[PDB]
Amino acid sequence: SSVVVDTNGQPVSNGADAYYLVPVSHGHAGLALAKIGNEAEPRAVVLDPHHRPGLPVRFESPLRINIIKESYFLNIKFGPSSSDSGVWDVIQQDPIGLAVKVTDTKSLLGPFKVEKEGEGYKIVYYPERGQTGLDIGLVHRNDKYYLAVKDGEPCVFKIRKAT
(Lines of atoms letter the chains of each structure in order from A and count residues from 1; the text may use other names and numbers.)
(Lines give C-alpha, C1' and ligand atoms only; values in the text may rest on other atoms or scores of the structure.)
Protein backbone atom coordinates (compact mmCIF):
# COMPACT_ATOMS: atom_id res chain seq x y z
CA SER A 1 0.00 0.00 0.00
CA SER A 2 0.80 3.63 -0.61
CA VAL A 3 3.21 5.80 1.33
CA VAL A 4 1.28 8.38 3.40
CA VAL A 5 2.39 11.95 2.40
CA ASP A 6 2.32 15.26 4.21
CA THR A 7 1.07 18.57 2.75
CA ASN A 8 4.48 19.09 1.10
CA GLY A 9 4.29 15.65 -0.65
CA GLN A 10 6.98 14.17 1.61
CA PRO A 11 6.54 10.68 3.23
CA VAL A 12 5.12 10.92 6.76
CA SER A 13 7.83 9.66 9.14
CA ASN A 14 7.50 6.66 11.47
CA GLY A 15 7.46 8.35 14.95
CA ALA A 16 10.41 10.77 14.31
CA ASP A 17 8.39 13.85 13.30
CA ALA A 18 5.15 15.27 14.59
CA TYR A 19 2.27 16.38 12.25
CA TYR A 20 -0.91 18.46 12.53
CA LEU A 21 -4.10 16.67 11.40
CA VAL A 22 -5.82 19.61 9.62
CA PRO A 23 -9.54 19.04 8.79
CA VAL A 24 -10.45 19.73 5.13
CA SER A 25 -14.04 20.84 6.14
CA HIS A 26 -15.38 21.83 9.63
CA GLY A 27 -13.86 25.25 8.95
CA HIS A 28 -10.70 25.87 10.87
CA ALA A 29 -10.25 23.57 13.87
CA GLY A 30 -7.41 21.63 15.43
CA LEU A 31 -6.97 18.66 17.75
CA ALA A 32 -7.48 19.25 21.47
CA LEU A 33 -8.31 17.33 24.69
CA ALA A 34 -11.74 17.81 26.29
CA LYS A 35 -13.82 16.29 29.10
CA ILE A 36 -16.85 14.24 27.92
CA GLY A 37 -18.99 15.40 30.84
CA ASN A 38 -17.94 14.44 34.30
CA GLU A 39 -14.27 13.28 34.43
CA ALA A 40 -11.66 15.43 36.27
CA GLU A 41 -9.08 15.50 33.45
CA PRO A 42 -9.70 16.23 29.71
CA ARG A 43 -8.77 12.97 27.89
CA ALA A 44 -11.29 12.84 25.00
CA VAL A 45 -9.78 13.87 21.62
CA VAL A 46 -11.82 16.62 19.95
CA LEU A 47 -11.60 18.93 16.95
CA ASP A 48 -11.86 22.43 18.38
CA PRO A 49 -12.29 25.64 16.33
CA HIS A 50 -10.45 27.48 19.18
CA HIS A 51 -7.27 25.40 18.96
CA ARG A 52 -5.54 25.88 15.63
CA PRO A 53 -3.14 24.27 14.50
CA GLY A 54 -3.79 22.06 17.56
CA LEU A 55 -1.89 19.26 19.28
CA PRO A 56 0.36 17.62 16.76
CA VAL A 57 0.65 13.87 16.50
CA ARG A 58 3.19 11.11 15.76
CA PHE A 59 2.30 7.95 13.85
CA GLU A 60 4.13 4.87 15.03
CA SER A 61 4.69 1.37 13.64
CA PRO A 62 7.01 -1.24 15.23
CA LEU A 63 8.22 -2.10 11.68
CA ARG A 64 11.91 -1.07 11.09
CA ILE A 65 11.01 1.35 8.26
CA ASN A 66 11.33 5.14 8.81
CA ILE A 67 8.12 6.07 6.84
CA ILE A 68 4.38 5.16 7.13
CA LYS A 69 2.21 3.39 4.56
CA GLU A 70 -1.54 3.05 4.48
CA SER A 71 -1.23 -0.73 5.10
CA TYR A 72 0.52 -0.30 8.58
CA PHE A 73 -1.30 -0.62 11.85
CA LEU A 74 -0.39 2.52 13.83
CA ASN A 75 -0.35 3.96 17.24
CA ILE A 76 -1.08 7.67 17.09
CA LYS A 77 -0.03 9.85 20.04
CA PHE A 78 0.27 13.40 21.29
CA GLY A 79 3.61 14.42 22.76
CA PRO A 80 7.14 13.03 22.32
CA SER A 81 8.02 9.54 21.23
CA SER A 82 9.71 9.06 24.64
CA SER A 83 6.54 9.77 26.67
CA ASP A 84 4.09 7.00 27.66
CA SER A 85 1.08 9.36 27.71
CA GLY A 86 -0.94 10.88 24.89
CA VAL A 87 -1.47 7.46 23.19
CA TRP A 88 -4.82 7.32 21.39
CA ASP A 89 -7.19 4.49 22.15
CA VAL A 90 -10.88 3.72 21.38
CA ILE A 91 -12.97 3.49 24.57
CA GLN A 92 -16.59 2.81 25.17
CA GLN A 93 -18.01 6.04 26.64
CA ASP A 94 -21.80 6.40 27.14
CA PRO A 95 -22.61 9.77 25.42
CA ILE A 96 -20.22 9.31 22.39
CA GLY A 97 -20.32 5.52 21.70
CA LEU A 98 -16.72 4.56 20.95
CA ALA A 99 -14.70 7.72 21.71
CA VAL A 100 -11.10 8.42 20.83
CA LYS A 101 -9.27 9.13 24.12
CA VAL A 102 -5.69 9.44 25.39
CA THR A 103 -4.11 6.69 27.45
CA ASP A 104 -0.70 5.90 28.82
CA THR A 105 -0.22 2.43 27.44
CA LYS A 106 0.27 1.14 23.93
CA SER A 107 0.00 -2.25 22.24
CA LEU A 108 2.71 -3.56 19.91
CA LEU A 109 0.43 -2.86 16.98
CA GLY A 110 -1.91 0.12 17.32
CA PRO A 111 -5.63 0.29 16.59
CA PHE A 112 -5.44 2.59 13.56
CA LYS A 113 -4.60 3.00 9.88
CA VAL A 114 -4.34 6.14 7.86
CA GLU A 115 -6.20 5.70 4.60
CA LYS A 116 -6.69 7.90 1.50
CA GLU A 117 -10.13 9.56 1.51
CA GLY A 118 -11.34 12.34 -0.76
CA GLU A 119 -8.88 15.31 -0.85
CA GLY A 120 -6.87 13.96 2.11
CA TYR A 121 -6.82 11.09 4.61
CA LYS A 122 -9.01 9.50 7.21
CA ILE A 123 -8.20 7.55 10.37
CA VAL A 124 -9.67 4.06 10.40
CA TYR A 125 -10.06 1.95 13.59
CA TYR A 126 -9.61 -1.80 13.49
CA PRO A 127 -11.42 -3.88 16.24
CA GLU A 128 -9.69 -6.93 14.64
CA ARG A 129 -6.58 -6.94 12.45
CA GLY A 130 -7.95 -9.40 9.94
CA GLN A 131 -11.24 -7.66 9.22
CA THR A 132 -12.49 -4.37 7.69
CA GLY A 133 -12.04 -1.30 9.93
CA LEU A 134 -14.47 1.43 10.97
CA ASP A 135 -14.10 5.10 10.00
CA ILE A 136 -13.28 7.74 12.67
CA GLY A 137 -15.68 10.75 12.34
CA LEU A 138 -17.08 13.38 14.75
CA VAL A 139 -19.82 13.12 17.39
CA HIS A 140 -21.32 16.47 18.28
CA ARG A 141 -22.32 16.64 22.01
CA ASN A 142 -22.04 19.11 24.85
CA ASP A 143 -20.54 21.97 22.72
CA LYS A 144 -17.72 19.71 21.39
CA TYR A 145 -16.80 17.61 18.24
CA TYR A 146 -15.51 14.36 19.68
CA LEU A 147 -13.35 12.09 17.49
CA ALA A 148 -15.41 8.81 17.59
CA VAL A 149 -16.15 5.72 15.51
CA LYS A 150 -18.74 6.72 12.91
CA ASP A 151 -18.45 4.29 9.96
CA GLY A 152 -19.33 5.94 6.61
CA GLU A 153 -18.83 9.47 7.95
CA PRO A 154 -15.04 9.84 8.17
CA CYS A 155 -13.40 13.10 9.25
CA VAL A 156 -10.97 13.92 6.32
CA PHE A 157 -7.58 15.58 7.22
CA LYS A 158 -4.45 16.65 5.46
CA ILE A 159 -1.21 15.98 7.37
CA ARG A 160 0.98 19.05 7.94
CA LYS A 161 4.54 18.48 9.20
CA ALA A 162 4.90 20.44 12.51
CA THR A 163 8.41 21.11 11.19
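So that there is no doubt, residue numbering starts at 1 and follows the sequence shown.
In this entry, the higher average B-factor at the C-alpha atoms falls on 100-108, of the pair 42-50 and 100-108. Remark: stretch with higher mean C-alpha B factor among 152-160 and 1-9 is 1-9. Comparing the listed residues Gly133, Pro56, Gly137, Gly37, the entry records the largest Cα B-factor for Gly37.
The residue among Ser71, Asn75, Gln92, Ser82 whose C-alpha carries the highest B-factor in the deposited model is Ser82. In the PDB entry, a CA B factor belonging to the highest third of its chain's modelled residues is recorded for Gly27.
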